[PDB]
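To begin, one chain is listed below as structure tokens, in the form deposited without the RNA.
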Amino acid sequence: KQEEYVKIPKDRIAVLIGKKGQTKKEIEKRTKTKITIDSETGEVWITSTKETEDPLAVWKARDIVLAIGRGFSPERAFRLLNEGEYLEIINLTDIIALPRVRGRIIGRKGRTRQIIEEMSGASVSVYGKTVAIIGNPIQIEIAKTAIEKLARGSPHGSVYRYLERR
């Protein structure tokens, strides 16, 4: 027996559930957990079943839920099922008003965020008040560092050279 409890934005619940519960059920099937959603509050419970492999199966389902909630598509959140892959959520507030930080990370037509992902190997989601990263710890650390530089006003050339070096 095991229960993880989280809360995602009301904005995201519909994407977590998907077409007639298809996404919710895809997460349940891949992790062997039960996901229970409150559609009014955005509250989500991730519970183990008799089929659950181990504690990490629950944490991974929870992190997929959290990743979707922080703006990753479900297809992109399912990266977290891979071993050695972790989720890191950063509040934009403590790496620096806000739409300007988001634009610095994303770039013109999202090109900077594509450069960060290609070069670090991490997946990156900029959404509301957070940036969220999916990667092995090293990949996360590289994307995190580039994002921090960009948030503080570091020129693109410096960030791109830093990323080449990594």
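Here the rigid core means the biggest group of C-alpha atoms that line up within 1.5 Å when the two forms are laid on top of each other. When you see a residue number, it is the position in the sequence shown, counting from 1. Residues that one form lacks are left out of the comparison.
There is another form of the same protein, the form deposited with the RNA bound; it is not shown, and what comes next is about it.
> For this chain shown on its own, do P55, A143 and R166 all sit within 4.5 Å of the RNA in the deposited complex, going by heavy atoms?
No: no residue has a heavy atom within 4.5 Å of the partner.
> Classify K149 as contacting or not contacting the RNA in the deposited complex by the rule of any non-hydrogen atom within 4.5 angstroms, answering yes or no.
Answer no; every heavy atom of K149 is more than 4.5 Å from the RNA in the deposited complex.
> At the 4.5 Å heavy atom threshold, is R104 in contact with the RNA in the deposited complex?
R104: yes, in contact with the RNA in the deposited complex.
> Would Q139 show up as a contact with the RNA in the deposited complex if we use heavy atoms at 4.5 Å?
Contact with the RNA, no.
> My question is simply whether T112 lines the interface with the RNA in the deposited complex - judged by any non-hydrogen atom within 4.5 Å.
Taking the distances in the deposited complex, the answer for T112 is yes, it comes within 4.5 Å of the RNA.
> Let me know which residues along 1 to 28 have a heavy atom within 4.5 Å of the RNA in the deposited complex, or say none if there are none.
Going through 1 to 28 in order - heavy atoms within 4.5 Å of the RNA in the deposited complex - the hits are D11, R12, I13, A14, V15, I17, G18, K19, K20, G21, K24, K25.
> Report the moving segments between the shown form and the other one: consecutive residues, 3 or more per run, each with a CA shift of 2 Å or more after superposition on the core, given in sequence order.
That run whose C-alphas all shift by 2 Å or more is 53 to 55, the only one.
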